[PDB]
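This one's a deposited entry, sequence included:
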Amino acid sequence: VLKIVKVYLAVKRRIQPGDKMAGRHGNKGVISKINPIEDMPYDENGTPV
Amino acid sequence: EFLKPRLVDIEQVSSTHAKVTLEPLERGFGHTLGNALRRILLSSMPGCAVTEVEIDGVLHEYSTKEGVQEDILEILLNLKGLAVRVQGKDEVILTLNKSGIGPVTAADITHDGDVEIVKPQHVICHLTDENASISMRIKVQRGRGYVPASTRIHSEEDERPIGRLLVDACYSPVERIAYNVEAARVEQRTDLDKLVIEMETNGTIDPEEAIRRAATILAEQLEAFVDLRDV
Amino acid sequence: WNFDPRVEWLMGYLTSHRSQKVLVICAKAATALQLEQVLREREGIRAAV
């Protein structure tokens, strides 16, 4: 081998529908839909879940 | 023979937090209007935000400068929160130049006429060396909704300068909206209600203008609905 | 290539007339390479020598 050139690529992956998410207690799930802010439930104070 | 709602006192508790009241609402339209406005406000308010940044000594988002402790990515995260009001132009170029030890806050930006920096205390960086100097040019656009870099990458339109650092655009000023419809005892009526809209924003859009624009958009779309051809 | 106002004028004109092919003449090749380097590393302009 005369010589070698290594190149590192870095890629920013954002969460999207189909990825797997879980809790600490064994509950699992696939992220199914991204809802608009307005559709999400909100308490009287206005903070959405 | 109907009633119709008139905009009444608009209390301002803080610079960001505001209460707007609408007194003469007919029975049943309270919740309808409350929800419609909440939706329009949260969804469609146009605002301006930084779209991309160029810093001098940095090739890409992941490198690091001498004499700073935050990573470049955290610098972008700080820039995302800058609340700014642009009046005339669509694209403005702000310039930040600071040297010496100290926290580089938003106040140090070169003061231009048409641009208003709402929160000058907002921190950007911390220098740690007398001779350490940062210069950057931040390009701010007007827009609606939420557009990430990666979608706009299809429409690059000569993104050629490798020094360019794209930031996701959250083109939306409103953080929170709540409303309460409560009995509005009007001197000649039994059962009338008043709608109270409590709103929390980043301090760019004024309440009156927000409500006016929302009503404008809803009225325009309803106008579009009024006619039905049936032809 | 940082303070000479001709360079800023050239860049500004090109970036303002992006839909136009422009023939730019200089005396010597060395200056041409410096011009390519500066147009690339500060505006990403594609230029063949």
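Cool, got the structure. Numbers count the residues shown, from 1 in each chain, chains lettered A, B, ... in the order given.

From now on I want contacts and neighbour counts done on CA atoms only, so please keep to that.
Will do.

which stretch of helix or strand covers residue B:94?
Secondary structure from DSSP states H and E places residue B:94 in strand B:91-99.

and that strand, how far out from the chain's middle?
What separates the centre of strand B:91-99 from the centre of its chain is 20 Å, taken as Cα atoms, centre = their mean, to the nearest Å.

what are the pairing partners of the next helix or strand after it, and which direction each?
Using DSSP H and E, the helix or strand that follows strand B:91-99 in sequence is strand B:102-105. Sheet pairing of strand B:102-105 (DSSP bridges) gives strand B:123-127 (antiparallel).

Give me the contacts around the strand it pairs with.
With Cα atoms under 8 Å, 6 or more residues apart in numbering or on different chains as the test, strand B:123-127 has contacts from B:67-70, B:75, B:78-79, B:99-106.

Of the residues you listed, just say which sits nearest to residue B:42.
Taking Cα to Cα as the measure, residue B:42 lies nearest residue B:79 of the contacts of strand B:123-127, at 21.9 Å.

so the closest one sits in a strand?
No - Residue B:79: not assigned to a strand; according to DSSP: H, G, I helix; E, B strand; the rest coil it is helix.

mind checking how far it is from chain A?
18 Å (Cα to the nearest Cα, to the nearest Å).

Could you tell me which residues make contact with residue B:4?
Going by Cα under 8 Å, 6+ apart, residue B:4 touches B:24, B:25, B:26.

what's the residue closest to the geometric middle of the chain?
Let's take chain A. Nearest residue to the geometric centre of chain A (Cα atoms, centre = their mean): residue A:15, 2.8 Å.

My question was about chain B, not that one.
Centroid-nearest residue in chain B: residue B:173, 2.2 Å away (criterion: Cα atoms, centre = their mean).

Could you dump the contacts of residue B:4 into TSV and include secondary structure?
Formatted as TSV, the contacts of residue B:4 follow (three-state DSSP):
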residue	secondary structure
B:24	strand
B:25	strand
B:26	coil
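
out of those residues, which one sits closest to residue B:45?
For these, the minimum distance to residue B:45 (Cα to Cα) is 24.3 Å, reached by residue B:25.

Distance-wise, check the residue of chain C positioned farthest from its centre relative to residue B:125.
Within chain C, residue C:19 marks the point farthest from the mean C-alpha position, 15.3 Å out by Cα atoms, centre = their mean. Look at residue C:19 and residue B:125: by Cα to Cα, to the nearest Å, they are 39 Å apart.

Contact partners for the residue in chain C that chain A sits nearest to?
Nearest residue of chain C to chain A (Cα to the nearest Cα) works out as residue C:41 at 20.6 Å. Taking Cα under 8 Å, 6+ apart, we find residue C:41 in contact with B:161, B:162, B:163.

Surely the first one is in contact with residue C:37?
No - when contacts are counted by Cα atoms under 8 Å, residue B:161 is not listed as touching residue C:37 (11.7 Å).
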